[PDB]
Structure formats: C-alpha cells, structure tokens
C-alpha cells in the first residue's frame, strides 16, 4: 500500500498566527506579488494567489490577520508563505461547531467520534481550516500513518460547503479563499 510521508511532514509543520497586523506591498519584482508583514524580528512575505491578486491593490492594508506556514520556494526566501490573509475580528468569537469523524482502517474496521471544534475568527481562510484540522487528525487520529485518503467537509449554515481532499495538499489558490467563520455549522471528516 502507499505511504504518505510528504503529507504528514507538511501538515505537522509549525504554523504562525499574527493578528491586527499592517500589511504592505513593495514594488513588484516578479509576476506574483507579495504582501509583507513585520510582527516581530522577521519580515514575512505572503504570496498573493488566487482571489488575492485582484483583491489587494497598492495598500497598505491595516487590521489584517495572517495564518502562516513557511514553505520551500525557488527564491530560497526564509519567511515565505501562501494565502491565509483575512480581516481581523471586530470582537471576540467563540463559535462551537460539531466535528464528526468516521475512519475506516485497512482491515475495514470503522470508528466514529463526535467532538466540538472552536471557531475563533469572524473571517477565516480555507488555509487555516485545512491546516489545523489535518494537524488535529494526525495528532488525534493517526492520519497519514496507515490511511491517507478521504475528505474534510466544512458545512455552512446557508447550505454551502468547502471540501478538502486528504490524499493531496490543498490547492495553492484555495489557500487565499476566505469564508464567514460565524456561518460554519459543522465539519464532517471521512478517512479511508
């Protein structure tokens, strides 16, 4: 059967979260543009992919939150990330959503567990949902040990849904997509 070393490695990387930040653009040096953020002793460069290229103009953009995962890249930039830019919270959010997980092991044995997942952002990137949920599946359910396929489905109060396919990384352009965190109703996971 197949291994999933690359996915387990990616989704166990540390993540960084920076809130109420000032995002700024410098003169473009390549086709892809990058928002800069300096929350500490480092300058982080966030690639504007998918919807973000048209979303952000010259800037600056204050009152933003960024979800950062440091990626390997062709420029050997040490602090480079993709997507994950959202509007900062107007107030505190502690929104509970049901998380149901079904897992089928290699012997065909099925398990289930239901828990609560806390949404703490008004506006949340698919990047942050995908990354933190997969890390939790690895840590609590051994995702990418024996099994590495299936889906995470984010189900919305308005009937919308967002699907993350577990057998591959989230498509880069989708890391820029953002959704109303307060409108998430429940999350269904199926591992096989």
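Positions refer to the first chain, counted from 1.
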* To do: Could you check the entry and say whether 59-67 or 130-138 has the higher mean CA B-factor?
  => 59-67
* 182-190 versus 2-10 - greater average Cα B-factor per the deposited record -> 2-10
* Structure fact -> Among 166, 156, 147, 124, highest Cα B-factor in the entry goes to 147
* Structure fact -> Of the residues 119, 99, 85, 77, the one whose Cα carries the largest B-factor in the deposited record is 77
* Would you mind checking where the Cα B-factor of residue 48 ranks among the modelled residues of its chain, as the lowest, middle or highest third? => middle
* Where does residue 172 sit by CA temperature factor within its chain: lowest, middle or highest third? -> middle
* Structure fact -> Split the chain's modelled residues into thirds by Cα B-factor; residue 161 lands in the lowest
* For residue 143, does the deposited CA B-factor place it in the lowest, middle or highest third of the chain? -> lowest
* Determine, from the deposited record, the chain-internal third of the Cα B-factor for residue 38: lowest, middle or highest. => middle
